[PDB]
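Have a look at the structure below before the remarks.
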Amino acid sequence: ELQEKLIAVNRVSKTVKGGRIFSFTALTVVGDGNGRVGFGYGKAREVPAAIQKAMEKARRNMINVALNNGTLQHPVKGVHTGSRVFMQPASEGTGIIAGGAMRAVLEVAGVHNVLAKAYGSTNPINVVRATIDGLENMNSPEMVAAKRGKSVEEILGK
RNA sequence: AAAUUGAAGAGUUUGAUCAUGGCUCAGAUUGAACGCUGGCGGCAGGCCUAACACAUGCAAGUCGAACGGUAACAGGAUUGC
Ligand SMILES: [Mg+2]
Ligand SMILES: [Mg+2]
Ligand SMILES: [Mg+2]
Ligand SMILES: [Mg+2]
Ligand SMILES: [Mg+2]
Ligand SMILES: [Mg+2]
Ligand SMILES: [Mg+2]
Ligand SMILES: [Mg+2]
Ligand SMILES: [Mg+2]
Ligand SMILES: [Mg+2]
Ligand SMILES: [Mg+2]
Ligand SMILES: [Mg+2]
């Protein structure tokens with residue numbers, strides 16, 4: 001029903017008196033392609049087990065993002081701990097031009113044409129969180145017409 | 001009416017993580033050089049170094065409608081007619 005993508009897999013380790021204990025962590029993003037996207041971070045010891053955990057976490061905890069026929073309403077700046085994310089609406093036919101982590105988020109969310117850039121740290125989990133944060137706070141022209149006392153015509157047509 | 005439509009990251013410090021941070025690569029480009037190989041055509045480019053030294057040929061001559069003229073031949077009658 002909804003598209004799901006695996007972004008990154010990493011092998012983490014912890015130290016016990018017996019020795020080193022290893023595990024695999026998988027970051028995935030899911031979305032219906034119609035303005036809903038969620039990210040999940042699974043953590044297990046076997047790679048197939050971890051990716052399933054990530055999908056389960058990503059399947060819930062979704063967010064709703066307004067899309068203007070496959071592009072953003074206005075340019076936005078997503079910021080998380082270390083990663084600075086700048087996204088910008090683009091014309092028809094430009095495609096998804098973004099980093100490896102950012103491209104997966106925008107594809108499953110339904111964004112087709114967009115210009116994006118990542119500044120600072122490019123750690124995949126931080127980048128996707130910033131992209132999620134940068135899209136959830138984006139407001140549609142109806143929303144700004146709701147906060148202010150003017151109708152859609154006055155907001156843009158005027 | 002148009003004169004435009006525009007932005008990607010990855011590797012590497014750790015037992016593992018985040019950040020900082022340098023290093024390195026994926027691109028475009030050249031008056032190119034070298035290695036291997038090599039069919040045709042169009043188009044352009046071709047001493048970036050010693051403003052180092054130069055054999056030899058050529059690259060600035062025209063004007064008898066300025067003038068005295070006749071040295072070569074071209075003619076007419078030794079003769080510039
Ligand atoms: Mg690592
Ligand atoms: Mg950095
Ligand atoms: Mg780092
Ligand atoms: Mg990492
Ligand atoms: Mg680095
Ligand atoms: Mg080392
Ligand atoms: Mg050669
Ligand atoms: Mg041929
Ligand atoms: Mg020279
Ligand atoms: Mg000289
Ligand atoms: Mg000549
Ligand atoms: Mg003579």
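Chain labels A, B, ... are given in the sequence in which chains occur in the structure tokens; within each chain residues are numbered consecutively from 1, and ligands are likewise numbered from 1 in the order shown.
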
Can you work out which residues from chain A touch chain B at a cut-off of 6 Å (counting only C-alpha atoms (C1' of nucleotides)) and hand them back as a compact mmCIF listing (two decimals) with N, CA and C atoms, in the first residue's frame?
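out.txt written:
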```txt
# COMPACT_ATOMS: atom_id res chain seq x y z
N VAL A 12 26.99 -2.21 15.32
CA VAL A 12 27.41 -1.62 16.57
C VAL A 12 27.97 -2.71 17.47
N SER A 13 28.69 -2.30 18.51
CA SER A 13 29.38 -3.25 19.37
C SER A 13 29.37 -2.76 20.81
N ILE A 97 16.66 16.01 -6.13
CA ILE A 97 18.09 16.31 -6.09
C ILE A 97 18.49 16.55 -4.65
N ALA A 98 18.92 15.50 -3.96
CA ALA A 98 19.26 15.59 -2.55
C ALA A 98 20.25 14.48 -2.22
N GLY A 99 20.71 14.48 -0.97
CA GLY A 99 21.66 13.49 -0.52
C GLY A 99 21.04 12.11 -0.42
```

Would you list the residues that come within 9 Å of ligand 2? Count only C-alpha atoms (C1' of nucleotides) and all ligand atoms and give the answer as a list in words.
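Taking only C-alpha atoms (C1' of nucleotides) and all ligand atoms into account, the residues around ligand 2 at most 9 Å away are residues 119, 120, 121 and 122 of chain A; 20 and 21 of chain B.
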
C-alpha atoms (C1' of nucleotides) of the current selection, written as a PDB file, in the first residue's frame:
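For reference, selection-v7.pdb as written:
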```
ATOM      1  CA  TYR A 119      25.086  21.279   5.613  1.00  0.00           C
ATOM      2  CA  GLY A 120      27.163  20.221   8.561  1.00  0.00           C
ATOM      3  CA  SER A 121      27.177  16.614   9.681  1.00  0.00           C
ATOM      4  CA  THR A 122      25.662  14.093   7.268  1.00  0.00           C
TER       5      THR A 122
ATOM      6  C1'   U B  20      34.581  18.654  15.704  1.00  0.00           C
ATOM      7  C1'   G B  21      38.208  18.442  12.014  1.00  0.00           C
TER       8        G B  21
END
```

Using only C-alpha atoms (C1' of nucleotides) and all ligand atoms, find each residue in chain B having at least one atom no more than 10 Å away from ligand 7; report its shortest atom-to-atom pair and that distance in Å (one decimal), rows by chain then rising number, as CSV.
```
residue,atom,partner,partner_atom_place_in_ligand_line,distance
B:33,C1',ligand 7,1 (Mg),7.7
B:34,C1',ligand 7,1 (Mg),5.4
B:35,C1',ligand 7,1 (Mg),6.5
B:36,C1',ligand 7,1 (Mg),8.7
```

Output C-alpha atoms (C1' of nucleotides) for every residue in that selection, as a PDB file, in the first residue's frame.
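That gives us out.pdb:
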```pdb
ATOM      1  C1'   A B  33      52.447  15.866 -22.046  1.00  0.00           C
ATOM      2  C1'   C B  34      53.121  10.619 -21.744  1.00  0.00           C
ATOM      3  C1'   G B  35      51.569   5.144 -22.253  1.00  0.00           C
ATOM      4  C1'   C B  36      48.609   1.661 -25.448  1.00  0.00           C
TER       5        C B  36
END
```

Give the residues close to ligand 10, within 12 Å, counting only C-alpha atoms (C1' of nucleotides) and all ligand atoms; write them as a PyMOL selection string.
chain B and resi 50-54

Can I get the selected residues back with N, CA and C atoms (P, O5', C5', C4', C3', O3' and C1' of nucleotides), as a PDB file, in the first residue's frame?
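The resulting file, again34.pdb, is shown below:
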```pdb
ATOM      1  P     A B  50      63.019  29.871 -19.664  1.00  0.00           P
ATOM      2  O5'   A B  50      63.642  30.292 -21.070  1.00  0.00           O
ATOM      3  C5'   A B  50      63.811  31.663 -21.420  1.00  0.00           C
ATOM      4  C4'   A B  50      64.327  31.825 -22.831  1.00  0.00           C
ATOM      5  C3'   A B  50      63.599  31.004 -23.895  1.00  0.00           C
ATOM      6  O3'   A B  50      63.579  31.730 -25.122  1.00  0.00           O
ATOM      7  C1'   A B  50      65.880  30.394 -23.853  1.00  0.00           C
ATOM      8  P     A B  51      62.404  32.783 -25.425  1.00  0.00           P
ATOM      9  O5'   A B  51      63.071  34.193 -25.117  1.00  0.00           O
ATOM     10  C5'   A B  51      62.563  35.388 -25.700  1.00  0.00           C
ATOM     11  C4'   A B  51      63.458  36.566 -25.413  1.00  0.00           C
ATOM     12  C3'   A B  51      63.644  36.891 -23.934  1.00  0.00           C
ATOM     13  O3'   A B  51      64.955  37.416 -23.728  1.00  0.00           O
ATOM     14  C1'   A B  51      62.661  38.739 -25.030  1.00  0.00           C
ATOM     15  P     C B  52      66.057  36.559 -22.931  1.00  0.00           P
ATOM     16  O5'   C B  52      67.025  36.009 -24.071  1.00  0.00           O
ATOM     17  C5'   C B  52      66.687  34.845 -24.809  1.00  0.00           C
ATOM     18  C4'   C B  52      67.910  34.070 -25.234  1.00  0.00           C
ATOM     19  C3'   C B  52      68.481  34.416 -26.601  1.00  0.00           C
ATOM     20  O3'   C B  52      69.316  35.560 -26.582  1.00  0.00           O
ATOM     21  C1'   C B  52      68.283  32.073 -26.408  1.00  0.00           C
ATOM     22  P     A B  53      69.487  36.454 -27.905  1.00  0.00           P
ATOM     23  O5'   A B  53      70.355  35.543 -28.881  1.00  0.00           O
ATOM     24  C5'   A B  53      71.721  35.275 -28.604  1.00  0.00           C
ATOM     25  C4'   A B  53      72.315  34.322 -29.609  1.00  0.00           C
ATOM     26  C3'   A B  53      72.126  34.683 -31.073  1.00  0.00           C
ATOM     27  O3'   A B  53      73.031  35.674 -31.528  1.00  0.00           O
ATOM     28  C1'   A B  53      71.620  32.402 -30.759  1.00  0.00           C
ATOM     29  P     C B  54      72.711  36.502 -32.868  1.00  0.00           P
ATOM     30  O5'   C B  54      72.850  35.419 -34.027  1.00  0.00           O
ATOM     31  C5'   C B  54      72.145  35.557 -35.251  1.00  0.00           C
ATOM     32  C4'   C B  54      72.015  34.231 -35.955  1.00  0.00           C
ATOM     33  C3'   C B  54      71.305  34.254 -37.299  1.00  0.00           C
ATOM     34  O3'   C B  54      72.154  34.658 -38.360  1.00  0.00           O
ATOM     35  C1'   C B  54      70.443  32.491 -35.982  1.00  0.00           C
TER      36        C B  54
END
```

Among chain A, which residues carry a DSSP assignment of strand (DSSP E or B), reported as a ChimeraX atom specification?
/A:3-15,20-31,36-44,63-64,76-79,83-89,96-97,114-120

Residues just named, written with C-alpha atoms as a PDB file, in the first residue's frame:
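Result file follows (result.pdb):
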```pdb
ATOM      1  CA  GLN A   3       6.255   2.581  -0.144  1.00  0.00           C
ATOM      2  CA  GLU A   4       9.044   1.653   2.274  1.00  0.00           C
ATOM      3  CA  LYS A   5      12.798   2.096   1.899  1.00  0.00           C
ATOM      4  CA  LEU A   6      15.863   1.035   3.870  1.00  0.00           C
ATOM      5  CA  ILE A   7      18.465   3.788   4.181  1.00  0.00           C
ATOM      6  CA  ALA A   8      21.392   2.678   6.338  1.00  0.00           C
ATOM      7  CA  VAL A   9      22.630  -0.385   8.217  1.00  0.00           C
ATOM      8  CA  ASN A  10      25.418  -0.187  10.799  1.00  0.00           C
ATOM      9  CA  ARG A  11      27.142  -2.794  12.966  1.00  0.00           C
ATOM     10  CA  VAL A  12      27.415  -1.621  16.567  1.00  0.00           C
ATOM     11  CA  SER A  13      29.377  -3.251  19.369  1.00  0.00           C
ATOM     12  CA  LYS A  14      29.415  -3.442  23.158  1.00  0.00           C
ATOM     13  CA  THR A  15      32.078  -4.869  25.460  1.00  0.00           C
ATOM     14  CA  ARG A  20      32.612  -8.066  22.328  1.00  0.00           C
ATOM     15  CA  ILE A  21      28.888  -8.347  21.559  1.00  0.00           C
ATOM     16  CA  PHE A  22      27.752  -7.171  18.132  1.00  0.00           C
ATOM     17  CA  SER A  23      24.445  -5.987  16.691  1.00  0.00           C
ATOM     18  CA  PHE A  24      23.017  -4.439  13.530  1.00  0.00           C
ATOM     19  CA  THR A  25      20.990  -1.215  13.429  1.00  0.00           C
ATOM     20  CA  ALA A  26      18.788  -0.348  10.449  1.00  0.00           C
ATOM     21  CA  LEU A  27      17.234   3.014   9.568  1.00  0.00           C
ATOM     22  CA  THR A  28      14.163   2.945   7.320  1.00  0.00           C
ATOM     23  CA  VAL A  29      11.566   5.417   6.069  1.00  0.00           C
ATOM     24  CA  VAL A  30       8.016   4.669   4.916  1.00  0.00           C
ATOM     25  CA  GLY A  31       5.253   6.714   3.363  1.00  0.00           C
ATOM     26  CA  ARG A  36       2.537  11.121   4.845  1.00  0.00           C
ATOM     27  CA  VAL A  37       6.017   9.996   5.891  1.00  0.00           C
ATOM     28  CA  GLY A  38       7.494   8.348   8.963  1.00  0.00           C
ATOM     29  CA  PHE A  39      10.947   7.153   9.951  1.00  0.00           C
ATOM     30  CA  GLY A  40      11.857   4.117  12.023  1.00  0.00           C
ATOM     31  CA  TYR A  41      15.074   3.009  13.713  1.00  0.00           C
ATOM     32  CA  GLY A  42      15.194  -0.725  14.372  1.00  0.00           C
ATOM     33  CA  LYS A  43      17.797  -2.373  16.574  1.00  0.00           C
ATOM     34  CA  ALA A  44      18.389  -6.130  16.671  1.00  0.00           C
ATOM     35  CA  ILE A  63       3.440  12.840  10.118  1.00  0.00           C
ATOM     36  CA  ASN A  64       1.249  14.693   7.627  1.00  0.00           C
ATOM     37  CA  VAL A  76      12.270  25.592   4.414  1.00  0.00           C
ATOM     38  CA  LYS A  77      15.271  24.957   6.664  1.00  0.00           C
ATOM     39  CA  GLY A  78      15.400  21.711   8.625  1.00  0.00           C
ATOM     40  CA  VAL A  79      17.739  21.670  11.618  1.00  0.00           C
ATOM     41  CA  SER A  83      22.746  18.468  10.434  1.00  0.00           C
ATOM     42  CA  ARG A  84      21.496  21.581   8.647  1.00  0.00           C
ATOM     43  CA  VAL A  85      18.993  20.768   5.898  1.00  0.00           C
ATOM     44  CA  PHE A  86      17.808  23.257   3.278  1.00  0.00           C
ATOM     45  CA  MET A  87      14.960  22.272   0.959  1.00  0.00           C
ATOM     46  CA  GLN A  88      13.402  24.331  -1.805  1.00  0.00           C
ATOM     47  CA  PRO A  89      10.491  23.843  -4.223  1.00  0.00           C
ATOM     48  CA  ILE A  96      14.691  14.626  -6.437  1.00  0.00           C
ATOM     49  CA  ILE A  97      18.088  16.308  -6.093  1.00  0.00           C
ATOM     50  CA  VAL A 114      12.656  19.529  -5.078  1.00  0.00           C
ATOM     51  CA  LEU A 115      16.058  21.151  -4.632  1.00  0.00           C
ATOM     52  CA  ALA A 116      17.732  20.191  -1.369  1.00  0.00           C
ATOM     53  CA  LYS A 117      21.099  20.508   0.338  1.00  0.00           C
ATOM     54  CA  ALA A 118      22.675  19.198   3.535  1.00  0.00           C
ATOM     55  CA  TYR A 119      25.086  21.279   5.613  1.00  0.00           C
ATOM     56  CA  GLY A 120      27.163  20.221   8.561  1.00  0.00           C
TER      57      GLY A 120
END
```

Out of B:79, B:11, B:45, B:3, which residue has the shortest atom-to-atom distance to ligand 1 when counting only C-alpha atoms (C1' of nucleotides) and all ligand atoms?
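Among the listed residues, B:11 lies closest to ligand 1.
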
Residues within 10 Å of ligand 8 should be enumerated using only C-alpha atoms (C1' of nucleotides) and all ligand atoms and returned as a PyMOL selection string.
chain B and resi 39-41

Include C-alpha atoms (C1' of nucleotides) and write out the residues we just selected as a PDB file, in the first residue's frame.
```
ATOM      1  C1'   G B  39      39.348   4.069 -40.259  1.00  0.00           C
ATOM      2  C1'   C B  40      37.159   8.671 -42.683  1.00  0.00           C
ATOM      3  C1'   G B  41      35.346  13.742 -42.895  1.00  0.00           C
TER       4        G B  41
END
```

Segment 1-133 of chain A: residues DSSP assigns to helix (DSSP H, G or I), reported as a VMD selection string:
chain A and resid 47 to 59 100 to 109 124 to 133

Just the selected residues (C-alpha atoms), exported as a PDB file, in the first residue's frame, please.
```
ATOM      1  CA  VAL A  47      20.050  -7.860   9.908  1.00  0.00           C
ATOM      2  CA  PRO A  48      16.651  -9.194   8.705  1.00  0.00           C
ATOM      3  CA  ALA A  49      15.353  -8.857  12.267  1.00  0.00           C
ATOM      4  CA  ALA A  50      16.553  -5.252  12.543  1.00  0.00           C
ATOM      5  CA  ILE A  51      15.021  -4.049   9.269  1.00  0.00           C
ATOM      6  CA  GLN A  52      11.636  -5.481  10.269  1.00  0.00           C
ATOM      7  CA  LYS A  53      11.826  -3.630  13.590  1.00  0.00           C
ATOM      8  CA  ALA A  54      12.607  -0.379  11.768  1.00  0.00           C
ATOM      9  CA  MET A  55       9.625  -0.819   9.439  1.00  0.00           C
ATOM     10  CA  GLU A  56       7.296  -1.434  12.391  1.00  0.00           C
ATOM     11  CA  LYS A  57       8.491   1.752  14.100  1.00  0.00           C
ATOM     12  CA  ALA A  58       8.298   3.667  10.813  1.00  0.00           C
ATOM     13  CA  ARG A  59       4.823   2.325  10.002  1.00  0.00           C
ATOM     14  CA  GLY A 100      21.421   9.757  -0.027  1.00  0.00           C
ATOM     15  CA  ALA A 101      19.527   9.976   3.254  1.00  0.00           C
ATOM     16  CA  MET A 102      17.431  12.968   2.182  1.00  0.00           C
ATOM     17  CA  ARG A 103      16.427  11.409  -1.150  1.00  0.00           C
ATOM     18  CA  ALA A 104      14.775   8.388   0.482  1.00  0.00           C
ATOM     19  CA  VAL A 105      12.683  10.562   2.812  1.00  0.00           C
ATOM     20  CA  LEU A 106      11.458  12.795  -0.007  1.00  0.00           C
ATOM     21  CA  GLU A 107      10.631   9.861  -2.296  1.00  0.00           C
ATOM     22  CA  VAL A 108       8.412   8.001   0.177  1.00  0.00           C
ATOM     23  CA  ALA A 109       6.775  11.264   1.273  1.00  0.00           C
ATOM     24  CA  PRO A 124      22.004   9.459   8.178  1.00  0.00           C
ATOM     25  CA  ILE A 125      19.807   9.326  11.287  1.00  0.00           C
ATOM     26  CA  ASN A 126      20.372  13.021  12.003  1.00  0.00           C
ATOM     27  CA  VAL A 127      19.718  14.014   8.381  1.00  0.00           C
ATOM     28  CA  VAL A 128      16.383  12.197   8.181  1.00  0.00           C
ATOM     29  CA  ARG A 129      15.270  13.662  11.513  1.00  0.00           C
ATOM     30  CA  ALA A 130      16.063  17.160  10.238  1.00  0.00           C
ATOM     31  CA  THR A 131      14.214  16.454   6.986  1.00  0.00           C
ATOM     32  CA  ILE A 132      11.202  15.217   8.962  1.00  0.00           C
ATOM     33  CA  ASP A 133      11.399  18.285  11.208  1.00  0.00           C
TER      34      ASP A 133
END
```

Could you report the residues within 12 Å of ligand 6, using only C-alpha atoms (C1' of nucleotides) and all ligand atoms, as a VMD selection string?
chain B and resid 12 to 14

Since we have the selection now, will you write its residues out, keeping N, CA, C and O atoms (P, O5', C5', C4', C3', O3' and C1' of nucleotides), as a PDB file, in the first residue's frame?
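Here's the written file out_24.pdb:
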```pdb
ATOM      1  P     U B  12      34.740   4.079   6.433  1.00  0.00           P
ATOM      2  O5'   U B  12      36.096   4.741   6.938  1.00  0.00           O
ATOM      3  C5'   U B  12      37.352   4.186   6.580  1.00  0.00           C
ATOM      4  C4'   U B  12      38.480   5.132   6.902  1.00  0.00           C
ATOM      5  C3'   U B  12      38.491   5.687   8.315  1.00  0.00           C
ATOM      6  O3'   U B  12      39.041   4.788   9.259  1.00  0.00           O
ATOM      7  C1'   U B  12      38.815   7.449   6.782  1.00  0.00           C
ATOM      8  P     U B  13      38.170   4.325  10.524  1.00  0.00           P
ATOM      9  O5'   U B  13      38.908   4.998  11.765  1.00  0.00           O
ATOM     10  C5'   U B  13      39.105   6.405  11.824  1.00  0.00           C
ATOM     11  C4'   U B  13      40.212   6.763  12.783  1.00  0.00           C
ATOM     12  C3'   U B  13      39.948   6.394  14.241  1.00  0.00           C
ATOM     13  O3'   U B  13      41.170   5.999  14.860  1.00  0.00           O
ATOM     14  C1'   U B  13      40.319   8.720  14.070  1.00  0.00           C
ATOM     15  P     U B  14      41.366   4.483  15.350  1.00  0.00           P
ATOM     16  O5'   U B  14      40.163   4.252  16.364  1.00  0.00           O
ATOM     17  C5'   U B  14      40.174   4.859  17.646  1.00  0.00           C
ATOM     18  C4'   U B  14      38.914   4.555  18.416  1.00  0.00           C
ATOM     19  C3'   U B  14      38.496   3.096  18.468  1.00  0.00           C
ATOM     20  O3'   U B  14      39.224   2.343  19.421  1.00  0.00           O
ATOM     21  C1'   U B  14      36.619   4.439  17.967  1.00  0.00           C
TER      22        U B  14
END
```

Which chains and residue numbers are within 9 Å of ligand 9, counting only C-alpha atoms (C1' of nucleotides) and all ligand atoms, if I want them as JSON, numbers by chain?
{"B": [47, 48, 49, 51]}

Restrict the selected residues to N, CA and C atoms (P, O5', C5', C4', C3', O3' and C1' of nucleotides) and save them as a PDB file, in the first residue's frame.
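In the end it all went to part_13.pdb:
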```
ATOM      1  P     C B  47      52.198  27.769 -31.716  1.00  0.00           P
ATOM      2  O5'   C B  47      53.349  28.110 -30.670  1.00  0.00           O
ATOM      3  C5'   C B  47      54.342  27.146 -30.338  1.00  0.00           C
ATOM      4  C4'   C B  47      55.076  27.513 -29.071  1.00  0.00           C
ATOM      5  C3'   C B  47      55.936  28.772 -29.156  1.00  0.00           C
ATOM      6  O3'   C B  47      55.956  29.414 -27.881  1.00  0.00           O
ATOM      7  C1'   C B  47      57.301  26.926 -28.623  1.00  0.00           C
ATOM      8  P     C B  48      54.722  30.325 -27.401  1.00  0.00           P
ATOM      9  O5'   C B  48      54.002  29.437 -26.295  1.00  0.00           O
ATOM     10  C5'   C B  48      54.764  28.712 -25.336  1.00  0.00           C
ATOM     11  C4'   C B  48      54.462  29.163 -23.929  1.00  0.00           C
ATOM     12  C3'   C B  48      55.364  28.569 -22.850  1.00  0.00           C
ATOM     13  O3'   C B  48      55.550  29.527 -21.809  1.00  0.00           O
ATOM     14  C1'   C B  48      53.125  27.980 -22.410  1.00  0.00           C
ATOM     15  P     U B  49      56.884  30.418 -21.765  1.00  0.00           P
ATOM     16  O5'   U B  49      58.039  29.368 -21.456  1.00  0.00           O
ATOM     17  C5'   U B  49      58.338  28.978 -20.121  1.00  0.00           C
ATOM     18  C4'   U B  49      59.653  28.241 -20.037  1.00  0.00           C
ATOM     19  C3'   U B  49      60.823  28.915 -20.749  1.00  0.00           C
ATOM     20  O3'   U B  49      62.028  28.660 -20.031  1.00  0.00           O
ATOM     21  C1'   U B  49      60.460  26.777 -21.681  1.00  0.00           C
ATOM     22  P     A B  51      62.404  32.783 -25.425  1.00  0.00           P
ATOM     23  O5'   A B  51      63.071  34.193 -25.117  1.00  0.00           O
ATOM     24  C5'   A B  51      62.563  35.388 -25.700  1.00  0.00           C
ATOM     25  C4'   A B  51      63.458  36.566 -25.413  1.00  0.00           C
ATOM     26  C3'   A B  51      63.644  36.891 -23.934  1.00  0.00           C
ATOM     27  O3'   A B  51      64.955  37.416 -23.728  1.00  0.00           O
ATOM     28  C1'   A B  51      62.661  38.739 -25.030  1.00  0.00           C
TER      29        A B  51
END
```

Within 12 Å of ligand 11 (counting only C-alpha atoms (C1' of nucleotides) and all ligand atoms), which residues show up? I'd like them as an MDAnalysis selection string.
chainID B and resid 57:60

Distance query residue 67 of chain A at most 8 Å, only C-alpha atoms (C1' of nucleotides), self and fewer than 2 positions along chain excluded, as a PyMOL selection string:
chain A and resi 34-35+65+69-73+110-111+140

Take the selection from the previous step and output its residues with N, CA and C atoms, as a CSV table (one decimal), in the first residue's frame.
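Written output follows (again-v5.csv):
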```csv
chain,number,residue,atom,x,y,z
A,34,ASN,N,1.6,10.4,-0.6
A,34,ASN,CA,0.6,11.5,-0.6
A,34,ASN,C,0.7,12.4,0.6
A,35,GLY,N,1.9,12.7,1.0
A,35,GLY,CA,2.1,13.7,2.0
A,35,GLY,C,2.2,13.1,3.4
A,65,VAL,N,2.3,16.0,5.8
A,65,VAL,CA,2.9,17.1,5.2
A,65,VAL,C,2.1,17.5,4.0
A,69,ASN,N,1.3,19.5,-5.3
A,69,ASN,CA,1.4,18.7,-6.6
A,69,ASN,C,2.8,18.1,-6.7
A,70,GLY,N,3.4,17.7,-5.6
A,70,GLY,CA,4.7,17.0,-5.7
A,70,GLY,C,5.9,17.9,-5.3
A,71,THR,N,5.6,19.1,-4.8
A,71,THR,CA,6.7,20.0,-4.4
A,71,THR,C,6.3,20.7,-3.1
A,72,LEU,N,7.3,21.4,-2.5
A,72,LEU,CA,7.0,22.1,-1.3
A,72,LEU,C,6.3,23.4,-1.5
A,73,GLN,N,5.6,23.8,-0.5
A,73,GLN,CA,4.8,25.1,-0.5
A,73,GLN,C,5.8,26.3,-0.5
A,110,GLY,N,6.3,11.5,-1.1
A,110,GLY,CA,5.6,11.9,-2.3
A,110,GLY,C,6.2,13.1,-2.9
A,111,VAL,N,7.3,13.6,-2.5
A,111,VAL,CA,7.9,14.8,-3.1
A,111,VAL,C,8.6,14.3,-4.4
A,140,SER,N,0.8,25.2,4.6
A,140,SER,CA,0.1,25.4,3.3
A,140,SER,C,-0.5,26.8,3.3
```

Where does chain B meet ligand 12 within 9 Å, residue by residue, with the nearest atom pair and distance in Å to one decimal for each, counting only C-alpha atoms (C1' of nucleotides) and all ligand atoms, listed by chain and rising number, as a Markdown table?
```
| residue | atom | partner | partner_atom_place_in_ligand_line | distance |
| --- | --- | --- | --- | --- |
| B:70 | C1' | ligand 12 | 1 (Mg) | 7.7 |
| B:71 | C1' | ligand 12 | 1 (Mg) | 2.4 |
| B:72 | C1' | ligand 12 | 1 (Mg) | 6.1 |
```

Quick one, how far is atom CA of residue 157 of chain A from atom CA of residue 139 of chain A?
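Those two atoms sit 17.2 Å apart.
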